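Examination of the molecular architecture
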Amino acid sequence: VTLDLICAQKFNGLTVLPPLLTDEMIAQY
Amino acid sequence: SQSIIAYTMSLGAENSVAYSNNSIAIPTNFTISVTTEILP
């Protein structure tokens, strides 16, 4: 699964917020 | 002298579980607990 249009989205006001728990912390659980 | 601070999220205390082929743990005591749960 794969987590550029992204660059273009940020020009129109689209924002993506980061997750609180990282991928490593998920692996710890 | 209090101020805002930034820190890494703690994932809980680290404990290494003792493991052996001849070793086992039998509870010698118990406690009756009351948990409170709420739902709308």
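Residues numbered from 1 in each chain as written, not as in the entry; some residues may be left out. Chains lettered and ligands numbered in written order. Part of a larger assembly, values for the part shown. Heavy atoms only, no water.

The deposited coordinates derive from cryo-EM, with the record listing a resolution of 3.4 Å.

On to the environment of A:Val16, then. Tracing the sequence through the fold places A:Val16 in the loop between α1 (5–11) and α2 (23–28). Counting along the chain gives 11 residues from A:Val16 to A:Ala27, while the straight-line C-alpha distance between them is 23 Å. (Helix = DSSP H or I, 4+ residues; strand = E, 2+ residues; numbered from the N terminus.)

Residue and element names in this part refer to chain A. Along the polypeptide, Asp4 turns up in the segment before α1. Since its relative accessible area comes to 74%, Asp4 is described here as exposed. Residues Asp4 and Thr15, 11 residues apart in the sequence, show an inter-C-alpha distance of 15 Å. One polar contact links the side chain of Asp4 to the main-chain amide nitrogen of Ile6, over a distance of 2.8 Å. (Buried < 20%, exposed > 50% of the residue type's maximum accessible area, 1.4 Å probe, protein only. Polar contact = N/O pair within 3.5 Å; in protein donor to acceptor, adjacent residues only side chain to side chain.)

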